[PDB]
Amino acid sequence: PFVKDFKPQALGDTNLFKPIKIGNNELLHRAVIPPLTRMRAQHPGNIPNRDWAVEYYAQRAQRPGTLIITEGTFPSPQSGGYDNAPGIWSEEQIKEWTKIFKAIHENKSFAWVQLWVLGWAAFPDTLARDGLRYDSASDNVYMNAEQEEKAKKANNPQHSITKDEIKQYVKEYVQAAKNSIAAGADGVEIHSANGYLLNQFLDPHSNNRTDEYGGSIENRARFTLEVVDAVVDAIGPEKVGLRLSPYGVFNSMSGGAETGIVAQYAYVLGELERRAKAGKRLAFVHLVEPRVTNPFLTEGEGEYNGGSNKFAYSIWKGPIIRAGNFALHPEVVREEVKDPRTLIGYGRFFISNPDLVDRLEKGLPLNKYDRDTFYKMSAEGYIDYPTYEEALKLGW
């Protein structure tokens, strides 16, 4: 149905509908589709859906000039450990991705591939089946009790990756980024957020290393920056973004409870801005807001109000995409887009509204999302969500 308790507000008069250049692409609007894992990829081979996926992304590219960041996508088998999430290392997978970008391109929109590495959020048993390691920053601290048990009982205990394995990960990022461009993607986003491998190095709870990859702000950041640096060198700074969740606690990150957390993220942006002034500026930085610390909780819940992402604007001088509970709060978006380098990711409501942008322009009602079909091998809750035209014909 439509959302019942929502008072919509037309946003067409704001900067949300002013064009902006991000990297090589000329966006005609600032409503961004953030990366959204959907678990329709096919097992075996982590293959993008050959029946639904082209249609999923086409539908959501229907407004011209939309930046679309794809779901998390694995650079390598060892990066993985979810059967139904996609990859970009094989010919099989690339062939399907080529078609998905083509469809986005035809709707006059853009496609950036999110390069996803799981670390300790992977399923240790799924990885053991395929004889792969269950990796993280350290081996003496675990995501949760469930995962510790799964890992021991599959004889696949958490491994603290060596320097050579870190290099290997970096090669796989580079190759995965090249593959994305060759297949026709506009750029890539490096997932350094939401408690996945790179975030596990950034955060001091998950990272108990005393080597060059832990034990200080500089060291916790070295991996995230090694990957950014090598991907930029491979494909160019204007085809590279980076996602961070400074106040995230998903997958057992510290959030605001950790007093050094702002400093950790301020250092990373600082270093991005240092590369920028020396002549290699990332296309964007993408921040998860403290408005949403866990995206599987309803809007309003898991909200940290002890901290703000405003510090980022003092440090990083380029485009900033912000995401978390903006669909139900046009009044907040109205104030954030008064800043002329601020874009807004809308996650969950872009799952349920293929024409979300039209609805934001003219203040239309929003389609309600079905949490139970977020992660499910089904057309339903995926490509059968209606446009406002089609929704009136059904009587909502």
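Each residue number is its position in the shown sequence, starting from 1.
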message: Just to confirm, going by the entry's C-alpha B-factors, which of 220, 108, 322, 243 comes out highest?
response: 108
task: Using the B-factor values recorded in the entry, state whether the Cα atom of residue 341 falls in the lowest, middle or highest third among the modelled residues of its chain.
output: lowest
task: Ordered by C-alpha B-factor within the chain, which third holds residue 296? Give me lowest, middle or highest, please.
output: highest
- request: State the tercile, meaning the lowest, middle or highest third, of residue 366 with respect to the CA B-factors recorded for its chain.
  value: highest
task: Determine, from the deposited record, the chain-internal third of the Cα B-factor for residue 347: lowest, middle or highest.
output: lowest
Position of residue 172 among the chain's modelled residues by C-alpha B-factor, lowest, middle or highest third: lowest
